[PDB]
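Everything on this sheet refers to the single structure shown next.
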Amino acid sequence: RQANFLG
Amino acid sequence: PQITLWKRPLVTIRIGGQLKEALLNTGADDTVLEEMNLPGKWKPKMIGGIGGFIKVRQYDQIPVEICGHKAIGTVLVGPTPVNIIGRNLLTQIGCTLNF
Amino acid sequence: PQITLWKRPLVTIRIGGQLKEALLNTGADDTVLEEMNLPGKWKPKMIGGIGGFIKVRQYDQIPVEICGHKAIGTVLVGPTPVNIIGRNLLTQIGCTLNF
């Protein structure tokens with residue numbers, strides 16, 4: 001589930 | 001190829017007649033794209049990251065061309081701020097982290 | 001090492017003398033750790049998240065050991081699902097994506 005990307 | 005991480009690892013992907021710029025994302029279990037009409041049935045899903053959760057549509061068995069490699073799997077569609085290629089497809093094209 | 005993606009790329013890190021598990025995350029510009037205290041000098045920061053900006057504390061020039069590879073740089077601390085090592089430190093340890 002987890003889509004942990006960050007800008 | 002070898003992709004360094006000085007900048008976002010963005011690649012062009014293709015689904016059908018559709019081009020999307022997408023982030024190769026080892027931190028993502030799943031692949032999520034925005035604004036995509038996809039064929040077939042879908043089911044509601046909620047997926048989380050920093051900030052919280054978004055609601056997406058899960059489509060199964062979707063071919064995705066990634067730098068000349070044929071991936072076929074689950075593609076989630078919804079309001080992700082950036083298009084994401086996750087581990088489900090990265091594995092299929094033989095992608096690893098190396099240091 | 002070479003880390004494959006059939007499972008989450010979790011590795012052990014050392015920071016401030018503590019061992020922690022962190023996710024090697026190519027989709028993250030920055031390194032974001034779960035709530036913890038860290039040596040000296042932080043500034044408030046906001047980072048773009050799902051549904052909006054999240055508040056974090058920014059520590060600069062922090063030594064972090066990742067699989068026995070030394071990095072020194074900016075570590076953000078805040079509400080993250082999991083400890084995340086981003087490109088800012090991945091670049092320092094010579095990490096690339098390969099397929």
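In the structure tokens, chains take the letters A, B, ... in the order shown, each chain's residues start at 1, and ligands count up from 1 in the order shown.
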Please find the residues of chain C near chain A - the criterion being any atom within 6 Å, counting only C-alpha atoms - and write them as a list in words.
residues 27, 28, 29 and 48 of chain C
Would you return as a PyMOL selection string the members of range 60-94 of chain C that DSSP assigns to strand (DSSP E or B) on this structure's backbone?
chain C and resi 60-66+69-77+84-85
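Going from CA of residue 35 in chain B over to CA of residue 79 in chain B, you cover 7.7 Å.
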Go through chain B residue by residue and, counting only C-alpha atoms, keep those with an atom at most 9 Å from chain C; for each kept residue give the shortest atom pair and its distance in Å to one decimal, ordered by chain and increasing number, as JSON lines.
{"residue": "B:1", "atom": "CA", "partner": "C:99", "partner_atom": "CA", "distance": 5.6}
{"residue": "B:2", "atom": "CA", "partner": "C:98", "partner_atom": "CA", "distance": 4.6}
{"residue": "B:3", "atom": "CA", "partner": "C:97", "partner_atom": "CA", "distance": 5.0}
{"residue": "B:4", "atom": "CA", "partner": "C:96", "partner_atom": "CA", "distance": 4.8}
{"residue": "B:5", "atom": "CA", "partner": "C:91", "partner_atom": "CA", "distance": 5.7}
{"residue": "B:6", "atom": "CA", "partner": "C:91", "partner_atom": "CA", "distance": 6.2}
{"residue": "B:7", "atom": "CA", "partner": "C:87", "partner_atom": "CA", "distance": 7.9}
{"residue": "B:8", "atom": "CA", "partner": "C:27", "partner_atom": "CA", "distance": 7.0}
{"residue": "B:9", "atom": "CA", "partner": "C:26", "partner_atom": "CA", "distance": 7.3}
{"residue": "B:23", "atom": "CA", "partner": "C:27", "partner_atom": "CA", "distance": 6.5}
{"residue": "B:24", "atom": "CA", "partner": "C:27", "partner_atom": "CA", "distance": 6.6}
{"residue": "B:25", "atom": "CA", "partner": "C:27", "partner_atom": "CA", "distance": 4.5}
{"residue": "B:26", "atom": "CA", "partner": "C:25", "partner_atom": "CA", "distance": 5.1}
{"residue": "B:27", "atom": "CA", "partner": "C:25", "partner_atom": "CA", "distance": 4.3}
{"residue": "B:28", "atom": "CA", "partner": "C:27", "partner_atom": "CA", "distance": 7.8}
{"residue": "B:29", "atom": "CA", "partner": "C:8", "partner_atom": "CA", "distance": 7.4}
{"residue": "B:48", "atom": "CA", "partner": "C:50", "partner_atom": "CA", "distance": 7.8}
{"residue": "B:49", "atom": "CA", "partner": "C:81", "partner_atom": "CA", "distance": 6.6}
{"residue": "B:50", "atom": "CA", "partner": "C:49", "partner_atom": "CA", "distance": 5.3}
{"residue": "B:51", "atom": "CA", "partner": "C:50", "partner_atom": "CA", "distance": 4.2}
{"residue": "B:52", "atom": "CA", "partner": "C:50", "partner_atom": "CA", "distance": 5.4}
{"residue": "B:53", "atom": "CA", "partner": "C:50", "partner_atom": "CA", "distance": 6.5}
{"residue": "B:54", "atom": "CA", "partner": "C:50", "partner_atom": "CA", "distance": 7.3}
{"residue": "B:80", "atom": "CA", "partner": "C:50", "partner_atom": "CA", "distance": 7.8}
{"residue": "B:81", "atom": "CA", "partner": "C:50", "partner_atom": "CA", "distance": 7.7}
{"residue": "B:84", "atom": "CA", "partner": "C:27", "partner_atom": "CA", "distance": 8.1}
{"residue": "B:87", "atom": "CA", "partner": "C:5", "partner_atom": "CA", "distance": 5.8}
{"residue": "B:88", "atom": "CA", "partner": "C:6", "partner_atom": "CA", "distance": 7.7}
{"residue": "B:90", "atom": "CA", "partner": "C:5", "partner_atom": "CA", "distance": 7.1}
{"residue": "B:91", "atom": "CA", "partner": "C:5", "partner_atom": "CA", "distance": 5.6}
{"residue": "B:93", "atom": "CA", "partner": "C:99", "partner_atom": "CA", "distance": 6.7}
{"residue": "B:94", "atom": "CA", "partner": "C:99", "partner_atom": "CA", "distance": 5.2}
{"residue": "B:95", "atom": "CA", "partner": "C:99", "partner_atom": "CA", "distance": 4.4}
{"residue": "B:96", "atom": "CA", "partner": "C:4", "partner_atom": "CA", "distance": 4.8}
{"residue": "B:97", "atom": "CA", "partner": "C:97", "partner_atom": "CA", "distance": 4.8}
{"residue": "B:98", "atom": "CA", "partner": "C:2", "partner_atom": "CA", "distance": 4.5}
{"residue": "B:99", "atom": "CA", "partner": "C:95", "partner_atom": "CA", "distance": 4.5}
Would you put the residues from that selection into a file with C-alpha atoms, as a PDB file, in the first residue's frame?
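Result went into part.pdb, see below:
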ATOM      1  CA  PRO B   1      20.987   1.436 -17.545  1.00  0.00           C
ATOM      2  CA  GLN B   2      22.388   2.991 -14.384  1.00  0.00           C
ATOM      3  CA  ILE B   3      20.452   5.909 -12.907  1.00  0.00           C
ATOM      4  CA  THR B   4      22.176   8.156 -10.368  1.00  0.00           C
ATOM      5  CA  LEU B   5      20.165   9.975  -7.703  1.00  0.00           C
ATOM      6  CA  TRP B   6      21.600  13.498  -8.019  1.00  0.00           C
ATOM      7  CA  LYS B   7      18.197  14.371  -9.465  1.00  0.00           C
ATOM      8  CA  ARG B   8      14.765  12.725  -9.318  1.00  0.00           C
ATOM      9  CA  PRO B   9      14.909   9.434 -11.209  1.00  0.00           C
ATOM     10  CA  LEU B  23       9.381   8.632 -10.817  1.00  0.00           C
ATOM     11  CA  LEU B  24      11.250   5.374 -10.189  1.00  0.00           C
ATOM     12  CA  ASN B  25      10.345   4.959  -6.546  1.00  0.00           C
ATOM     13  CA  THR B  26      11.846   2.177  -4.373  1.00  0.00           C
ATOM     14  CA  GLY B  27       9.906   3.647  -1.428  1.00  0.00           C
ATOM     15  CA  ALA B  28       6.567   2.815  -3.074  1.00  0.00           C
ATOM     16  CA  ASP B  29       4.977  -0.640  -2.863  1.00  0.00           C
ATOM     17  CA  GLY B  48      -0.662   6.421   2.171  1.00  0.00           C
ATOM     18  CA  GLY B  49       2.606   8.293   2.384  1.00  0.00           C
ATOM     19  CA  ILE B  50       3.937  11.342   4.196  1.00  0.00           C
ATOM     20  CA  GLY B  51       0.945  13.663   4.641  1.00  0.00           C
ATOM     21  CA  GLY B  52      -1.725  10.963   4.707  1.00  0.00           C
ATOM     22  CA  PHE B  53      -3.832   8.954   2.285  1.00  0.00           C
ATOM     23  CA  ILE B  54      -5.386   9.366  -1.150  1.00  0.00           C
ATOM     24  CA  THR B  80      -0.850  11.597  -6.791  1.00  0.00           C
ATOM     25  CA  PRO B  81       1.257  14.783  -6.960  1.00  0.00           C
ATOM     26  CA  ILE B  84       5.141   6.891  -9.491  1.00  0.00           C
ATOM     27  CA  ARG B  87       8.265  -1.982  -6.535  1.00  0.00           C
ATOM     28  CA  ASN B  88       5.549  -4.085  -8.185  1.00  0.00           C
ATOM     29  CA  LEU B  90      10.429  -2.179 -10.731  1.00  0.00           C
ATOM     30  CA  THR B  91      10.985  -5.833  -9.833  1.00  0.00           C
ATOM     31  CA  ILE B  93      12.163  -4.955 -15.121  1.00  0.00           C
ATOM     32  CA  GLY B  94      15.027  -6.185 -12.918  1.00  0.00           C
ATOM     33  CA  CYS B  95      15.668  -2.932 -11.077  1.00  0.00           C
ATOM     34  CA  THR B  96      17.998  -2.962  -8.058  1.00  0.00           C
ATOM     35  CA  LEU B  97      19.666  -0.499  -5.695  1.00  0.00           C
ATOM     36  CA  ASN B  98      23.462  -0.749  -5.666  1.00  0.00           C
ATOM     37  CA  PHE B  99      26.164   0.876  -3.523  1.00  0.00           C
TER      38      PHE B  99
END
Could you superpose chain C on chain B by least squares over every Cα, matched in sequence order, and send it back as a PDB file with C-alpha atoms, in the first residue's frame?
ATOM      1  CA  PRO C   1      20.407   1.440 -18.078  1.00  0.00           C
ATOM      2  CA  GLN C   2      22.142   2.771 -14.999  1.00  0.00           C
ATOM      3  CA  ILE C   3      20.358   5.782 -13.563  1.00  0.00           C
ATOM      4  CA  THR C   4      22.215   8.056 -11.163  1.00  0.00           C
ATOM      5  CA  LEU C   5      20.524  10.151  -8.518  1.00  0.00           C
ATOM      6  CA  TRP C   6      21.954  13.683  -8.853  1.00  0.00           C
ATOM      7  CA  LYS C   7      18.663  14.402 -10.611  1.00  0.00           C
ATOM      8  CA  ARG C   8      15.224  12.876 -10.076  1.00  0.00           C
ATOM      9  CA  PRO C   9      15.081   9.423 -11.754  1.00  0.00           C
ATOM     10  CA  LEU C  10      12.410  10.422 -14.260  1.00  0.00           C
ATOM     11  CA  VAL C  11      11.971   8.214 -17.297  1.00  0.00           C
ATOM     12  CA  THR C  12       9.516   7.844 -20.137  1.00  0.00           C
ATOM     13  CA  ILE C  13       6.891   5.144 -19.822  1.00  0.00           C
ATOM     14  CA  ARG C  14       4.307   3.852 -22.284  1.00  0.00           C
ATOM     15  CA  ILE C  15       0.870   2.892 -21.020  1.00  0.00           C
ATOM     16  CA  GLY C  16      -2.328   2.579 -23.087  1.00  0.00           C
ATOM     17  CA  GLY C  17      -0.449   3.959 -26.097  1.00  0.00           C
ATOM     18  CA  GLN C  18       0.412   7.170 -24.253  1.00  0.00           C
ATOM     19  CA  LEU C  19       3.905   8.336 -23.340  1.00  0.00           C
ATOM     20  CA  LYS C  20       4.271   9.757 -19.850  1.00  0.00           C
ATOM     21  CA  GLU C  21       7.120  10.782 -17.554  1.00  0.00           C
ATOM     22  CA  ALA C  22       7.421   8.808 -14.323  1.00  0.00           C
ATOM     23  CA  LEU C  23       9.682   8.730 -11.294  1.00  0.00           C
ATOM     24  CA  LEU C  24      11.487   5.474 -10.490  1.00  0.00           C
ATOM     25  CA  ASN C  25      10.681   5.235  -6.800  1.00  0.00           C
ATOM     26  CA  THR C  26      12.150   2.576  -4.519  1.00  0.00           C
ATOM     27  CA  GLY C  27      10.257   3.980  -1.499  1.00  0.00           C
ATOM     28  CA  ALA C  28       6.871   3.151  -3.014  1.00  0.00           C
ATOM     29  CA  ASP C  29       5.353  -0.315  -2.743  1.00  0.00           C
ATOM     30  CA  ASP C  30       2.889   0.519  -5.520  1.00  0.00           C
ATOM     31  CA  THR C  31       2.820   2.338  -8.853  1.00  0.00           C
ATOM     32  CA  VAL C  32       0.638   5.496  -8.715  1.00  0.00           C
ATOM     33  CA  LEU C  33      -0.144   7.586 -11.807  1.00  0.00           C
ATOM     34  CA  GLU C  34      -1.735  10.983 -12.140  1.00  0.00           C
ATOM     35  CA  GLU C  35      -5.443  11.126 -13.014  1.00  0.00           C
ATOM     36  CA  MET C  36      -6.087   9.316 -16.292  1.00  0.00           C
ATOM     37  CA  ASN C  37      -8.486   6.827 -17.786  1.00  0.00           C
ATOM     38  CA  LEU C  38      -7.225   3.289 -18.258  1.00  0.00           C
ATOM     39  CA  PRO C  39      -8.626   0.156 -19.925  1.00  0.00           C
ATOM     40  CA  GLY C  40     -11.388  -1.563 -18.038  1.00  0.00           C
ATOM     41  CA  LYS C  41     -11.903  -3.075 -14.599  1.00  0.00           C
ATOM     42  CA  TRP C  42     -10.868  -0.951 -11.649  1.00  0.00           C
ATOM     43  CA  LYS C  43     -11.751  -1.181  -7.962  1.00  0.00           C
ATOM     44  CA  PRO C  44     -11.772   1.550  -5.337  1.00  0.00           C
ATOM     45  CA  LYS C  45      -8.780   1.371  -2.999  1.00  0.00           C
ATOM     46  CA  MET C  46      -7.236   3.414  -0.214  1.00  0.00           C
ATOM     47  CA  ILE C  47      -3.477   3.886   0.123  1.00  0.00           C
ATOM     48  CA  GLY C  48      -1.617   5.128   3.176  1.00  0.00           C
ATOM     49  CA  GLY C  49      -0.510   8.709   2.654  1.00  0.00           C
ATOM     50  CA  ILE C  50       0.879  11.689   4.512  1.00  0.00           C
ATOM     51  CA  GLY C  51      -1.759  12.785   7.030  1.00  0.00           C
ATOM     52  CA  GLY C  52      -3.973   9.807   6.188  1.00  0.00           C
ATOM     53  CA  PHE C  53      -5.372   7.615   3.462  1.00  0.00           C
ATOM     54  CA  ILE C  54      -5.906   8.841  -0.089  1.00  0.00           C
ATOM     55  CA  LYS C  55      -8.501   7.464  -2.488  1.00  0.00           C
ATOM     56  CA  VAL C  56      -7.241   5.806  -5.648  1.00  0.00           C
ATOM     57  CA  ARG C  57      -8.577   3.561  -8.398  1.00  0.00           C
ATOM     58  CA  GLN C  58      -6.832   0.195  -8.693  1.00  0.00           C
ATOM     59  CA  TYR C  59      -6.375  -1.322 -12.159  1.00  0.00           C
ATOM     60  CA  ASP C  60      -4.944  -4.852 -12.236  1.00  0.00           C
ATOM     61  CA  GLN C  61      -2.866  -6.549 -14.936  1.00  0.00           C
ATOM     62  CA  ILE C  62      -2.038  -3.381 -16.919  1.00  0.00           C
ATOM     63  CA  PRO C  63       0.850  -3.497 -19.453  1.00  0.00           C
ATOM     64  CA  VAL C  64       3.427  -0.774 -18.786  1.00  0.00           C
ATOM     65  CA  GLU C  65       6.639  -0.252 -20.756  1.00  0.00           C
ATOM     66  CA  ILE C  66       9.462   1.385 -18.775  1.00  0.00           C
ATOM     67  CA  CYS C  67      12.497   2.384 -20.850  1.00  0.00           C
ATOM     68  CA  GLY C  68      11.481  -0.346 -23.275  1.00  0.00           C
ATOM     69  CA  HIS C  69      11.260  -2.960 -20.532  1.00  0.00           C
ATOM     70  CA  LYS C  70       7.894  -4.701 -20.335  1.00  0.00           C
ATOM     71  CA  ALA C  71       5.889  -4.955 -17.139  1.00  0.00           C
ATOM     72  CA  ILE C  72       2.326  -6.095 -16.496  1.00  0.00           C
ATOM     73  CA  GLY C  73       0.737  -5.384 -13.134  1.00  0.00           C
ATOM     74  CA  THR C  74      -1.284  -3.230 -10.826  1.00  0.00           C
ATOM     75  CA  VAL C  75      -1.472   0.468 -11.572  1.00  0.00           C
ATOM     76  CA  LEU C  76      -3.106   2.820  -9.083  1.00  0.00           C
ATOM     77  CA  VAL C  77      -4.567   6.104 -10.333  1.00  0.00           C
ATOM     78  CA  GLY C  78      -5.085   9.121  -8.056  1.00  0.00           C
ATOM     79  CA  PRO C  79      -3.797  12.446  -6.650  1.00  0.00           C
ATOM     80  CA  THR C  80      -0.030  12.080  -6.770  1.00  0.00           C
ATOM     81  CA  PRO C  81       2.490  14.929  -7.078  1.00  0.00           C
ATOM     82  CA  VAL C  82       4.089  12.967  -9.925  1.00  0.00           C
ATOM     83  CA  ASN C  83       3.662   9.681 -11.795  1.00  0.00           C
ATOM     84  CA  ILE C  84       5.466   7.131  -9.646  1.00  0.00           C
ATOM     85  CA  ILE C  85       6.744   3.696 -10.633  1.00  0.00           C
ATOM     86  CA  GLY C  86       6.930   1.532  -7.518  1.00  0.00           C
ATOM     87  CA  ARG C  87       8.613  -1.721  -6.542  1.00  0.00           C
ATOM     88  CA  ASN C  88       5.726  -3.835  -7.904  1.00  0.00           C
ATOM     89  CA  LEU C  89       6.852  -2.942 -11.441  1.00  0.00           C
ATOM     90  CA  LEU C  90      10.503  -2.168 -10.711  1.00  0.00           C
ATOM     91  CA  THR C  91      10.963  -5.779  -9.644  1.00  0.00           C
ATOM     92  CA  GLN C  92       9.426  -6.949 -12.916  1.00  0.00           C
ATOM     93  CA  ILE C  93      11.918  -5.028 -15.047  1.00  0.00           C
ATOM     94  CA  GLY C  94      14.851  -6.323 -12.977  1.00  0.00           C
ATOM     95  CA  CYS C  95      15.639  -3.025 -11.277  1.00  0.00           C
ATOM     96  CA  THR C  96      18.068  -3.051  -8.331  1.00  0.00           C
ATOM     97  CA  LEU C  97      19.784  -0.468  -6.133  1.00  0.00           C
ATOM     98  CA  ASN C  98      23.580  -0.591  -6.246  1.00  0.00           C
ATOM     99  CA  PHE C  99      26.438   1.110  -4.423  1.00  0.00           C
TER     100      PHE C  99
END
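Of the residues in range 3-93 of chain B, those given helix (DSSP H, G or I) by DSSP on the backbone are residues 87, 88, 89 and 90 of chain B.
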